[PDB]
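Taking it in order: structure first as structure tokens, then the write-up.
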Amino acid sequence: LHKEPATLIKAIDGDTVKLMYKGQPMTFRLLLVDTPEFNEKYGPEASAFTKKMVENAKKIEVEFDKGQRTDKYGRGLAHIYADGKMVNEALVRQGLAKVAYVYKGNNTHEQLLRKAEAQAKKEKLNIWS
Ligand SMILES: Cc1cn([C@H]2C[C@H](OP(=O)(O)O)[C@@H](COP(=O)(O)O)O2)c(=O)[nH]c1=O
Ligand SMILES: [Ca+2]
């Protein structure tokens, strides 16, 4: 896999963000995770967490996996990095997302994220509390 540039347009929620990619506005849905909706328990904390991570970043990068790059809603499917740190993994590590939506072919970082989830669960963080 490889990282490509993007710039923030707007934070949306825990697991979606609007980025300019190849000079076009796109909504990205983070691979391999599920954050609670804003109206759900931990939804606001997830949203805030992703917001801070992407807004404070000097450098946003997107990393597509080997499979489909857009979902059925037209959302980009990617790993998103903020100054080198993967948002997807950071959410899981903090107990603010569950590993989820692991589809064959877009699962390169699955075991990395599962490892993070195990550690969040051990620590009884957030969702796992
Ligand atoms: C993360 C992800 C979601 N989706 C689709 C599956 C779900 O369809 P349904 O809308 O039919 O439930 C939806 C979940 O996204 P949200 O968690 O953002 O709602 O997004 C994919 O198709 N591929 C993916 O990799
Ligand atoms: Ca969600």
Side-chain angles (χ1 to χ4, degrees):
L1 306 197
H2 67 284
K3 286 170 194 160
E4 297 176 64
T7 55
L8 180 65
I9 295 160
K10 209 179 189 270
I12 301 167
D13 78 347
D15 62 18
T16 61
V17 57
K18 195 150 278 256
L19 303 179
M20 190 182 288
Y21 171 66
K22 289 185 162 171
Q24 305 305 330
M26 282 177 69
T27 295
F28 279 83
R29 174 66 167 79
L30 294 185
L31 282 171
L32 303 184
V33 308
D34 196 31
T35 48
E37 304 300 321
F38 182 85
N39 81 296
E40 290 160 353
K41 207 174 158 31
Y42 300 114
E45 289 73 12
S47 295
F49 182 95
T50 296
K51 178 181 185 148
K52 183 173 176 209
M53 202 164 168
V54 296
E55 281 183 3
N56 292 357
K58 299 325 189 187
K59 189 185 182 179
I60 296 300
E61 294 174 283
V62 306
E63 181 186 59
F64 297 100
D65 210 312
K66 282 152 181 281
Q68 95 166 353
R69 292 192 168 186
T70 313
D71 67 17
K72 68 188 185 180
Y73 296 119
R75 304 181 297 177
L77 302 166
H79 314 95
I80 301 306
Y81 297 78
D83 293 326
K85 185 175 182 46
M86 203 210 302
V87 181
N88 317 54
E89 185 193 16
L91 281 161
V92 173
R93 180 63 187 81
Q94 289 314 305
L96 287 169
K98 287 176 189 197
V99 179
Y101 294 108
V102 184
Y103 301 91
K104 24 294 156 159
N106 271 343
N107 67 344
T108 300
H109 297 307
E110 176 181 10
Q111 295 301 138
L112 184 74
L113 270 56
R114 288 203 189 273
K115 174 60 168 291
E117 191 178 267
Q119 198 57 40
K121 285 203 207 190
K122 243 93 105 296
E123 293 169 14
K124 250 86 85 159
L125 295 179
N126 287 316
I127 289 174
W128 307 115
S129 79

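Index from 1, following the sequence. Indexing begins at 1, ligand by ligand and atom by atom, following the structure's order.
- Using a 4.0 Å heavy-atom criterion, the residues that approach ligand 1 are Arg29, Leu30, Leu31, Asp34, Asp71, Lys72, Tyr73, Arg75, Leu77, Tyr101, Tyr103.
- A cation-pi contact, defined as under 6.0 Å to the ring centre and within 45° of the axis, links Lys3 to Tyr81.
- Heavy atoms from other residues, nucleotides or ligands lying under 6.0 Å from NZ of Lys18 number more than 12.
- Summarising the geometry of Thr50 relative to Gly14, their closest heavy-atom pair is OG1-O, 2.7 Å, with the distance given to 0.1 Å.
- The pair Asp34-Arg29 meets the salt-bridge criterion, since a charged nitrogen lies less than 4.0 angstrom from a carboxylate oxygen.
- Side chain to side chain, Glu89 and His79 fail the donor-acceptor criterion of an N or O pair below 3.5 Å.
- Taking the six-membered ring for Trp and thresholds of 30 and 60 degrees, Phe28 and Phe64 have ring planes inclined between 30 and 60 degrees apart.
- Screening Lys121, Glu117, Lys115, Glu123 for a side-chain hydrogen bond (donor to acceptor under 3.5 Å, both in side chains) involving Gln119 leaves a single residue, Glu123.
- Between the side chain of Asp65 and the backbone N or O of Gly67 there is no donor-acceptor pair closer than 3.5 Å.
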- Task: Evaluate the criterion side-chain contact (heavy atoms from CB on, under 4.5 Å) for residue pair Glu4 and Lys22; output intermediate values, then yes/no.
- Result: CA-CA 9 Å; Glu4 297 176 64; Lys22 289 185 162 171; 3.9 Å; yes

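- For the Ca ion (ligand 2), the count of nearby protein N, O or S atoms, meaning those under 3.0 Å away, is 4.
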